[PDB]
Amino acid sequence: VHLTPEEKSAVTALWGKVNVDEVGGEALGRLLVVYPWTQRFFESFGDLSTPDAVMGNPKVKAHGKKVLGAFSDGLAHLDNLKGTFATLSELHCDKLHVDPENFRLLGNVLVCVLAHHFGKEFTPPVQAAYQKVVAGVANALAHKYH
């Protein structure tokens, strides 16, 4: 995705402060609480019946770390999210059957979690840069759908 030196610089410095283990865990649990229909892809994950249950579930936490660890990789390849995410795109279409619309919801919940965690430092312009990156990543992941 095309970001300005200022956006890139925003995105990078902020992510240097993200503990992926914890944010991925919060991102994925809030996704499952806020838009429960996404729980369809995680039936074998435990009790996802209350916010508390979803949040403390270790499998949700372990997955969220995987998901944002992969997401972290794309940030370092912000110039070619397509080739970076092409194998996972195919994975999610052909084996996981994930409606790519979920990648957008996750991207928005992630922006929320970054706002909640960083508060005041997650300013309007910072948000803007992250908004283009999650839209970038979602598209890159929906790219091999057919």
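In case it trips you up, residue 1 is the first one in the sequence shown, and so on.
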- Average Cα temperature factor in the PDB entry - higher stretch of 82 to 90, 105 to 113: 82 to 90
- Mean C-alpha temperature factor, higher of 2 to 10 and 137 to 145: 2 to 10
- Could you check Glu121, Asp99, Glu26, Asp52 and tell me which one carries the biggest Cα B-factor in the deposited entry? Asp52
- Query: Among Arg40, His77, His63, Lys95, which carries the highest Cα B-factor?
  - Reply: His77
